[PDB]
Each structure stands twice: as structure tokens, then as C-alpha cells.
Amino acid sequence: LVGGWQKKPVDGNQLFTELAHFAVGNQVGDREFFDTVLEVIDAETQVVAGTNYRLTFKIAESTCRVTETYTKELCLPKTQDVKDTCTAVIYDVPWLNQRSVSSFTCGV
């Protein structure tokens, strides 16, 4: 789900300052020096919920070379021989079209 944007007070919110520093400390580009925060002046927040998935599954070697772009429909199993069993943890946030794998381990 995604919630509405809400204006918040800047006030004594340390986290705002911490998150601003986090953003501006990560802008390199074509600057000789980093810029840094003098002050925050507006602040809005928005709940954004995703789902974290822990999936266990059987794998096989596929026919696709890793140079290629993977697809379910192109990268079919060479043989119906199980190779391993694996567990993966995937965080999915459709609202921001983000999806990430945090862990992936086999020999389960």
C-alpha cells in the first residue's frame, strides 16, 4: 500500500537532518567538494508498505548463458534433473517499482 504525503514540522527532528545529510553526502557528480546541510526547511512523509518474501525452491541448470538477459520463458531447464534447493529473501515494493534480493543460499 501507499499512504498520502503529509507535511511534518521540522522542529527538533534529528532524523530529518540525518536523512538530508545522507542525501547530500551522496552527491558527487562534478563537484570538487561535497555540499552539506545548513538547514532543512520543509519535510513531508509517506507510508509505503511492501512485502518481504522468503521462498524455497528447486533449481535446475538453464540453457541460457549468463551473458544473456534471463527470462522464465527463454531460460528453460536443460534437463528435469534437480541440481539444488535454494532459499531466497525478496523485498517487493510495487508502489515504487522496486524489488530486491537480500539473501540467496542453496544446499538447503
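Numbers for residues come from their place in the sequence shown, where the first is 1.
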item	value
45-53 set against 78-86, stretch whose average Cα temperature factor tops the other in the entry	78-86
29-37 versus 68-76 - greater average Cα B-factor per the deposited record	29-37
Lowest, middle or highest third - CA B-factor, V108	highest
Chain-wide C-alpha B factor ranking for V24, given as lowest, middle or highest third	middle
CA B-factor ranking of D11, expressed as a third of its chain	highest
